[PDB]
file run15.csv (CSV, N, CA and C atoms and all ligand atoms)
chain,number,residue,atom,x,y,z
H,1,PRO,N,122.1,26.9,217.7
H,1,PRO,CA,122.3,26.9,216.2
H,1,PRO,C,121.1,27.0,215.4
H,2,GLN,N,121.2,27.1,214.1
H,2,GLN,CA,120.1,27.1,213.1
H,2,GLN,C,120.3,25.8,212.3
H,3,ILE,N,119.3,24.9,212.3
H,3,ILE,CA,119.4,23.6,211.7
H,3,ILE,C,118.4,23.5,210.6
H,4,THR,N,118.8,23.3,209.4
H,4,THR,CA,117.9,23.1,208.3
H,4,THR,C,117.5,21.6,208.2
H,5,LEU,N,116.6,21.3,207.3
H,5,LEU,CA,115.9,20.0,207.4
H,5,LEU,C,116.0,19.1,206.2
H,6,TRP,N,117.1,19.3,205.4
H,6,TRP,CA,117.4,18.5,204.3
H,6,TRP,C,117.8,17.1,204.7
H,7,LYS,N,118.4,17.0,205.9
H,7,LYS,CA,118.8,15.7,206.5
H,7,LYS,C,118.0,15.7,207.9
H,8,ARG,N,117.9,14.5,208.5
H,8,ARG,CA,117.3,14.3,209.8
H,8,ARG,C,118.1,15.2,210.8
H,9,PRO,N,117.4,15.9,211.6
H,9,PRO,CA,118.0,16.8,212.7
H,9,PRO,C,118.5,16.0,213.9
H,10,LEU,N,119.5,15.2,213.6
H,10,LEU,CA,120.2,14.3,214.6
H,10,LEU,C,121.3,15.1,215.3
H,11,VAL,N,121.3,15.0,216.6
H,11,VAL,CA,122.3,15.7,217.5
H,11,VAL,C,122.8,14.7,218.5
H,12,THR,N,123.9,15.0,219.2
H,12,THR,CA,124.5,14.3,220.3
H,12,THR,C,123.9,14.9,221.6
H,13,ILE,N,123.5,13.9,222.4
H,13,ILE,CA,123.1,14.3,223.8
H,13,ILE,C,123.9,13.6,224.8
H,14,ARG,N,124.0,14.1,226.1
H,14,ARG,CA,124.6,13.3,227.2
H,14,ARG,C,123.4,13.1,228.2
H,15,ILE,N,123.3,11.8,228.6
H,15,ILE,CA,122.2,11.4,229.6
H,15,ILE,C,122.8,10.3,230.5
H,16,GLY,N,122.7,10.4,231.8
H,16,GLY,CA,123.2,9.4,232.7
H,16,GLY,C,124.7,9.2,232.6
H,17,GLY,N,125.4,10.2,232.1
H,17,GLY,CA,126.9,10.1,231.9
H,17,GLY,C,127.3,9.6,230.5
H,18,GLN,N,126.3,9.1,229.8
H,18,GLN,CA,126.6,8.4,228.5
H,18,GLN,C,126.2,9.4,227.3
H,19,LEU,N,127.0,9.3,226.2
H,19,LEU,CA,126.7,10.0,225.0
H,19,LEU,C,125.8,9.2,224.1
H,20,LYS,N,124.7,9.8,223.5
H,20,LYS,CA,123.8,9.1,222.6
H,20,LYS,C,123.4,10.1,221.5
H,21,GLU,N,122.9,9.6,220.4
H,21,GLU,CA,122.4,10.3,219.3
H,21,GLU,C,120.9,10.4,219.3
H,22,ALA,N,120.3,11.5,219.0
H,22,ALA,CA,118.8,11.7,219.1
H,22,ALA,C,118.3,12.7,218.1
H,23,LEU,N,117.1,12.5,217.7
H,23,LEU,CA,116.4,13.3,216.7
H,23,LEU,C,115.6,14.5,217.3
H,24,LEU,N,115.9,15.7,217.0
H,24,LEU,CA,115.0,16.8,217.4
H,24,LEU,C,113.7,16.8,216.7
H,25,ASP,N,112.6,16.5,217.5
H,25,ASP,CA,111.3,16.1,217.0
H,25,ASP,C,110.2,17.0,217.5
H,26,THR,N,109.8,18.0,216.7
H,26,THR,CA,108.7,18.9,217.0
H,26,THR,C,107.4,18.2,217.1
H,27,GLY,N,107.3,17.1,216.4
H,27,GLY,CA,106.1,16.3,216.4
H,27,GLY,C,105.9,15.3,217.6
H,28,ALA,N,106.8,15.4,218.5
H,28,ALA,CA,106.8,14.5,219.7
H,28,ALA,C,106.5,15.4,220.9
H,29,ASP,N,105.5,15.0,221.7
H,29,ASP,CA,105.2,15.7,222.9
H,29,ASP,C,106.3,15.5,223.9
H,30,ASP,N,106.9,14.2,223.9
H,30,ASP,CA,107.8,13.7,224.9
H,30,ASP,C,109.1,13.3,224.4
H,31,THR,N,110.0,13.0,225.2
H,31,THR,CA,111.4,12.6,224.8
H,31,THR,C,111.4,11.1,225.1
H,32,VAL,N,111.8,10.3,224.1
H,32,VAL,CA,111.8,8.9,224.1
H,32,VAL,C,113.1,8.3,223.7
H,33,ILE,N,113.7,7.5,224.5
H,33,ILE,CA,115.1,7.0,224.3
H,33,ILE,C,115.0,5.4,224.3
H,34,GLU,N,115.8,4.8,223.5
H,34,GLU,CA,115.9,3.4,223.5
H,34,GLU,C,116.2,2.7,224.8
H,35,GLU,N,115.9,1.5,225.0
H,35,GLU,CA,116.1,0.7,226.2
H,35,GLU,C,117.5,0.9,226.8
H,36,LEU,N,117.5,1.2,228.1
H,36,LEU,CA,118.8,1.5,228.8
H,36,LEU,C,118.4,1.6,230.3
H,37,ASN,N,119.4,1.6,231.1
H,37,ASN,CA,119.2,1.9,232.5
H,37,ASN,C,119.3,3.4,232.8
H,38,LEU,N,118.5,3.9,233.7
H,38,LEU,CA,118.7,5.3,234.2
H,38,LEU,C,118.6,5.2,235.6
H,39,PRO,N,119.2,6.1,236.4
H,39,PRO,CA,119.1,6.1,237.9
H,39,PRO,C,117.7,6.5,238.4
H,40,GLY,N,117.3,5.9,239.5
H,40,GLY,CA,116.1,6.3,240.1
H,40,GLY,C,114.8,5.5,239.7
H,41,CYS,N,113.7,6.0,240.1
H,41,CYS,CA,112.4,5.3,240.1
H,41,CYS,C,111.8,5.6,238.8
H,42,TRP,N,111.1,4.6,238.2
H,42,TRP,CA,110.3,4.9,237.0
H,42,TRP,C,108.9,4.3,237.2
H,43,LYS,N,107.9,4.7,236.4
H,43,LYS,CA,106.6,4.1,236.4
H,43,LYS,C,106.2,3.7,235.0
H,44,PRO,N,105.4,2.7,234.8
H,44,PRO,CA,104.9,2.3,233.5
H,44,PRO,C,104.0,3.3,232.9
H,45,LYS,N,104.2,3.5,231.5
H,45,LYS,CA,103.4,4.4,230.8
H,45,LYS,C,103.1,3.8,229.4
H,46,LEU,N,102.1,4.3,228.6
H,46,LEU,CA,102.0,4.0,227.2
H,46,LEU,C,102.0,5.2,226.4
H,47,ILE,N,102.6,5.2,225.2
H,47,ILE,CA,102.6,6.3,224.3
H,47,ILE,C,102.3,5.8,222.9
H,48,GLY,N,101.8,6.8,222.1
H,48,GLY,CA,101.4,6.5,220.7
H,48,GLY,C,102.2,7.2,219.7
H,49,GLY,N,102.2,6.6,218.5
H,49,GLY,CA,102.8,7.1,217.3
H,49,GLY,C,102.0,6.8,216.1
H,50,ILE,N,102.6,6.9,215.0
H,50,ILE,CA,102.0,6.6,213.7
H,50,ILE,C,101.4,5.3,213.6
H,51,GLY,N,102.0,4.3,214.2
H,51,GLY,CA,101.6,2.9,214.1
H,51,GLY,C,100.8,2.3,215.2
H,52,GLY,N,100.6,3.0,216.3
H,52,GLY,CA,100.0,2.4,217.5
H,52,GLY,C,100.7,2.8,218.7
H,53,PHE,N,100.5,2.0,219.7
H,53,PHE,CA,101.0,2.3,221.1
H,53,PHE,C,102.1,1.3,221.5
H,54,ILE,N,103.0,1.8,222.3
H,54,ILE,CA,104.1,1.0,223.0
H,54,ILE,C,104.1,1.3,224.4
H,55,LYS,N,104.7,0.4,225.2
H,55,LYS,CA,104.9,0.6,226.6
H,55,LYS,C,106.3,1.1,226.8
H,56,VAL,N,106.4,2.1,227.8
H,56,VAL,CA,107.7,2.7,228.1
H,56,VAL,C,107.8,2.9,229.6
H,57,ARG,N,109.0,3.1,230.1
H,57,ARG,CA,109.3,3.5,231.5
H,57,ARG,C,109.4,5.0,231.6
H,58,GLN,N,108.7,5.6,232.5
H,58,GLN,CA,108.8,7.1,232.7
H,58,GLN,C,109.7,7.4,233.8
H,59,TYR,N,110.8,8.1,233.5
H,59,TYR,CA,111.7,8.7,234.5
H,59,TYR,C,111.5,10.2,234.6
H,60,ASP,N,111.4,10.7,235.8
H,60,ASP,CA,111.2,12.1,235.9
H,60,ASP,C,112.5,12.8,236.4
H,61,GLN,N,112.6,14.1,236.0
H,61,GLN,CA,113.6,15.0,236.5
H,61,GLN,C,115.0,14.5,236.1
H,62,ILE,N,115.2,14.1,234.9
H,62,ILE,CA,116.5,13.6,234.4
H,62,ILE,C,117.2,14.7,233.7
H,63,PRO,N,118.4,15.0,234.2
H,63,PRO,CA,119.3,15.9,233.4
H,63,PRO,C,119.7,15.4,232.0
H,64,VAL,N,119.6,16.2,231.0
H,64,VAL,CA,119.9,15.8,229.6
H,64,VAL,C,120.6,17.0,229.0
H,65,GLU,N,121.8,16.8,228.4
H,65,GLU,CA,122.5,17.9,227.7
H,65,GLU,C,122.3,17.7,226.3
H,66,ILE,N,121.7,18.7,225.6
H,66,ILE,CA,121.3,18.5,224.2
H,66,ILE,C,122.1,19.5,223.3
H,67,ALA,N,123.0,19.0,222.5
H,67,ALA,CA,123.9,19.9,221.8
H,67,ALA,C,124.5,21.0,222.6
H,68,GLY,N,124.9,20.7,223.8
H,68,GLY,CA,125.5,21.7,224.7
H,68,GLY,C,124.6,22.5,225.5
H,69,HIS,N,123.2,22.3,225.4
H,69,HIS,CA,122.2,23.0,226.2
H,69,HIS,C,121.6,22.2,227.2
H,70,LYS,N,121.5,22.6,228.5
H,70,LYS,CA,121.0,21.8,229.5
H,70,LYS,C,119.4,21.8,229.6
H,71,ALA,N,118.9,20.6,229.9
H,71,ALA,CA,117.5,20.4,230.2
H,71,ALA,C,117.4,19.5,231.4
H,72,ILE,N,116.3,19.6,232.2
H,72,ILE,CA,116.1,18.6,233.2
H,72,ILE,C,114.6,18.3,233.2
H,73,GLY,N,114.2,17.0,232.8
H,73,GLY,CA,112.8,16.7,232.7
H,73,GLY,C,112.6,15.3,232.5
H,74,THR,N,111.3,15.0,232.0
H,74,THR,CA,110.9,13.6,231.9
H,74,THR,C,111.6,12.9,230.7
H,75,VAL,N,112.0,11.7,230.9
H,75,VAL,CA,112.6,10.9,229.8
H,75,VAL,C,111.8,9.6,229.8
H,76,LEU,N,111.3,9.2,228.7
H,76,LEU,CA,110.6,7.9,228.5
H,76,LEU,C,111.6,6.9,227.9
H,77,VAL,N,111.7,5.7,228.4
H,77,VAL,CA,112.6,4.7,227.9
H,77,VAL,C,111.9,3.5,227.5
H,78,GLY,N,112.1,3.1,226.2
H,78,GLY,CA,111.4,1.9,225.7
H,78,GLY,C,111.8,1.7,224.3
H,79,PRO,N,111.1,0.8,223.6
H,79,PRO,CA,111.4,0.3,222.3
H,79,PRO,C,111.1,1.2,221.1
H,80,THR,N,111.5,2.5,221.3
H,80,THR,CA,111.3,3.4,220.2
H,80,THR,C,112.3,3.1,219.0
H,81,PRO,N,111.8,3.2,217.7
H,81,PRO,CA,112.6,3.0,216.6
H,81,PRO,C,113.8,4.0,216.5
H,82,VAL,N,113.7,5.2,217.1
H,82,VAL,CA,114.7,6.2,217.0
H,82,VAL,C,114.6,7.0,218.3
H,83,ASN,N,115.8,7.4,218.9
H,83,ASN,CA,115.8,8.3,220.0
H,83,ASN,C,115.3,9.6,219.6
H,84,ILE,N,114.4,10.2,220.3
H,84,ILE,CA,113.8,11.5,219.9
H,84,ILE,C,113.7,12.4,221.2
H,85,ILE,N,114.1,13.7,220.9
H,85,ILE,CA,114.0,14.8,221.9
H,85,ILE,C,112.6,15.5,221.5
H,86,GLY,N,111.7,15.4,222.4
H,86,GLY,CA,110.4,16.0,222.2
H,86,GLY,C,110.2,17.4,222.8
H,87,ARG,N,109.0,17.9,222.7
H,87,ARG,CA,108.7,19.3,223.1
H,87,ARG,C,109.0,19.6,224.6
H,88,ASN,N,108.8,18.5,225.4
H,88,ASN,CA,109.1,18.8,226.8
H,88,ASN,C,110.5,19.3,227.1
H,89,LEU,N,111.5,18.8,226.4
H,89,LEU,CA,112.8,19.3,226.5
H,89,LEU,C,113.2,20.4,225.5
H,90,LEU,N,112.6,20.4,224.3
H,90,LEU,CA,112.9,21.4,223.3
H,90,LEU,C,112.5,22.8,223.8
H,91,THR,N,111.4,22.9,224.6
H,91,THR,CA,111.0,24.1,225.1
H,91,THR,C,112.1,24.6,226.1
H,92,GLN,N,112.7,23.7,226.9
H,92,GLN,CA,113.7,24.1,227.9
H,92,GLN,C,114.9,24.7,227.3
H,93,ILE,N,115.3,24.3,226.1
H,93,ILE,CA,116.5,24.8,225.5
H,93,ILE,C,116.1,25.9,224.5
H,94,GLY,N,114.9,26.4,224.5
H,94,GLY,CA,114.5,27.5,223.7
H,94,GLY,C,114.3,27.3,222.2
H,95,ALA,N,114.1,26.1,221.8
H,95,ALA,CA,114.0,25.7,220.4
H,95,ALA,C,112.6,26.2,219.8
H,96,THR,N,112.7,26.8,218.6
H,96,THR,CA,111.6,27.2,217.9
H,96,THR,C,111.7,26.7,216.4
H,97,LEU,N,110.6,26.7,215.7
H,97,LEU,CA,110.5,26.5,214.3
H,97,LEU,C,110.4,27.9,213.7
H,98,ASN,N,111.1,28.1,212.6
H,98,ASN,CA,111.1,29.4,211.9
H,98,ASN,C,111.0,29.2,210.4
H,99,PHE,N,110.2,30.1,209.7
H,99,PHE,CA,110.1,30.0,208.3
H,99,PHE,C,109.6,31.4,207.8
Q,101,LIG,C1,110.1,7.2,216.0
Q,101,LIG,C2,110.2,7.5,214.5
Q,101,LIG,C3,110.7,8.9,214.3
Q,101,LIG,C4,109.8,10.0,214.9
Q,101,LIG,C5,108.4,10.1,214.5
Q,101,LIG,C6,107.6,11.2,215.1
Q,101,LIG,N1,106.3,11.3,214.6
Q,101,LIG,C7,105.3,11.8,215.6
Q,101,LIG,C8,103.9,11.9,214.9
Q,101,LIG,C9,102.7,12.4,215.7
Q,101,LIG,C10,101.8,11.3,216.0
Q,101,LIG,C11,101.2,10.4,214.9
Q,101,LIG,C12,105.2,11.0,216.8
Q,101,LIG,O1,105.3,9.8,216.8
Q,101,LIG,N2,104.9,11.6,218.0
Q,101,LIG,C13,104.7,10.9,219.2
Q,101,LIG,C14,106.0,10.6,219.9
Q,101,LIG,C15,105.9,10.0,221.3
Q,101,LIG,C16,105.7,10.9,222.4
Q,101,LIG,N3,105.1,10.4,223.5
Q,101,LIG,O2,106.0,12.1,222.3
Q,101,LIG,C17,103.8,11.7,220.1
Q,101,LIG,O3,103.8,12.9,220.2
Q,101,LIG,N4,102.9,10.9,220.8
Q,101,LIG,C18,101.9,11.5,221.6
Q,101,LIG,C19,100.5,11.4,220.9
Q,101,LIG,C20,100.3,12.3,219.8
Q,101,LIG,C21,99.6,11.6,218.7
Q,101,LIG,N5,98.4,12.3,218.1
Q,101,LIG,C22,97.4,12.8,218.7
Q,101,LIG,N6,97.3,12.9,220.0
Q,101,LIG,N7,96.3,13.2,218.0
Q,101,LIG,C23,101.8,10.9,222.9
Q,101,LIG,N8,101.9,11.7,224.0
Q,101,LIG,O4,101.9,9.6,223.0
Q,101,LIG,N9,108.3,10.0,213.0
Q,101,LIG,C24,107.5,9.1,212.4
Q,101,LIG,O5,106.8,8.4,213.0
Q,101,LIG,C25,107.7,9.1,210.9
Q,101,LIG,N10,108.7,8.1,210.5
Q,101,LIG,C26,109.8,8.4,209.8
Q,101,LIG,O6,110.0,9.5,209.5
Q,101,LIG,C27,110.7,7.3,209.5
Q,101,LIG,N11,110.4,6.0,210.2
Q,101,LIG,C28,111.2,5.4,211.1
Q,101,LIG,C29,110.8,4.1,211.6
Q,101,LIG,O7,112.1,6.1,211.6
Q,101,LIG,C30,110.8,7.1,208.0
Q,101,LIG,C31,111.9,6.1,207.6
Q,101,LIG,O8,109.5,6.7,207.5
Q,101,LIG,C32,106.3,8.8,210.2
Q,101,LIG,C33,105.3,9.9,210.5
Q,101,LIG,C34,106.4,8.5,208.7
Q,101,LIG,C35,107.0,9.6,207.8

call {"tool": "encode", "arguments": {"input": "run15.csv", "output": "structure tokens"}}
result
Amino acid sequence: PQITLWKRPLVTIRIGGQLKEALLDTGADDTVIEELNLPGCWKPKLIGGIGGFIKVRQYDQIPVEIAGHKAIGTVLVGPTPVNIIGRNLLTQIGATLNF
């Protein structure tokens, strides 16, 4: 699709069999989702944002369906204020910015 930016670019994703809402975030290197269980092994990581750093769980090679487009890649899980789809998965679905 073509998504304009008058409103937050929120979309439905499927991850681990569950439906969630997430923000398409060109300013995020990585995909960060609120605390939940995912299958498999994770390792501890820290990530930064506007306000500082938080601790997250890094899961690799997780399938995510993003507005009906498939991706498989890293998902970080932790106390993010908003679920965000970052460039690691936006590139997989062919997302670009256009103006
Ligand atoms: C979680 C809240 C929504 C997404 C977030 C994405 N902003 C980018 C900004 C770039 C850094 C300052 C971000 O956090 N990116 C992180 C996301 C985490 C991630 N791992 O991908 C990032 O790329 N982090 C990199 C580091 C890049 C930082 N800069 C740098 N390396 N020079 C990293 N790998 O840790 N937006 C925001 O932080 C903005 N917040 C908002 O829009 C709203 N606030 C809330 C709480 O939703 C609004 C109500 O204010 C800020 C800028 C104020 C207008």

call {"tool": "residues_near_point", "arguments": {"input": "run15.csv", "point": "(104.4, 16.2, 224.4)", "cutoff": "6 Å", "atoms": "all atoms listed in the file", "output": "list in words"}}
result
residues 28, 29, 30, 87 and 88 of chain H

call {"tool": "closest_residue", "arguments": {"input": "run15.csv", "among": "H:73, H:79, H:16, H:9", "to": "residue H:48", "atoms": "only C-alpha atoms"}}
result
H:79

call {"tool": "residues_near_ligand", "arguments": {"input": "run15.csv", "ligand": "ligand LIG 101 (chain Q)", "cutoff": "9 Å", "atoms": "only C-alpha atoms and all ligand atoms", "output": "JSON, numbers by chain"}}
result
{"H": [8, 23, 24, 25, 26, 27, 28, 29, 30, 31, 32, 46, 47, 48, 49, 50, 51, 52, 53, 54, 76, 80, 81, 82, 83, 84, 85, 86, 87, 88]}

call {"tool": "residues_around", "arguments": {"input": "run15.csv", "residues": "residue H:69", "least_positions_apart": "4", "cutoff": "6 Å", "atoms": "all atoms listed in the file", "output": "number ranges by chain"}}
result
H: 64-65, 93

call {"tool": "closest_residue", "arguments": {"input": "run15.csv", "among": "H:36, H:74, H:2, H:63", "to": "residue H:15", "atoms": "only N, CA and C atoms"}}
result
H:63

call {"tool": "atom_distance", "arguments": {"input": "run15.csv", "atom1": "atom N of residue H:20", "atom2": "atom N of residue H:33"}}
result
11.3 Å

call {"tool": "residues_near_point", "arguments": {"input": "run15.csv", "point": "(115.3, -0.2, 234.5)", "cutoff": "12 Å", "atoms": "only C-alpha atoms", "output": "PyMOL selection string"}}
result
chain H and resi 34-44+56-59+76-78

call {"tool": "residues_around", "arguments": {"input": "run15.csv", "residues": "residue H:3", "least_positions_apart": "3", "cutoff": "12 Å", "atoms": "only C-alpha atoms", "output": "PyMOL selection string"}}
result
chain H and resi 6-11+23-24+67+95-99

call {"tool": "atom_distance", "arguments": {"input": "run15.csv", "atom1": "atom CA of residue H:68", "atom2": "atom C of residue H:55"}}
result
28.2 Å

call {"tool": "atom_distance", "arguments": {"input": "run15.csv", "atom1": "atom C of residue H:89", "atom2": "atom C of residue H:71"}}
result
7.3 Å

call {"tool": "select_by_dssp", "arguments": {"input": "run15.csv", "residues": "chain H", "states": "strand (DSSP E or B)", "output": "PyMOL selection string"}}
result
chain H and resi 10-15+18-24+32-33+43-49+52-66+69-77+84-85

call {"tool": "select_by_dssp", "arguments": {"input": "run15.csv", "residues": "stretch 19-92 of chain H", "states": "helix (DSSP H, G or I)", "output": "count of residues only"}}
result
4
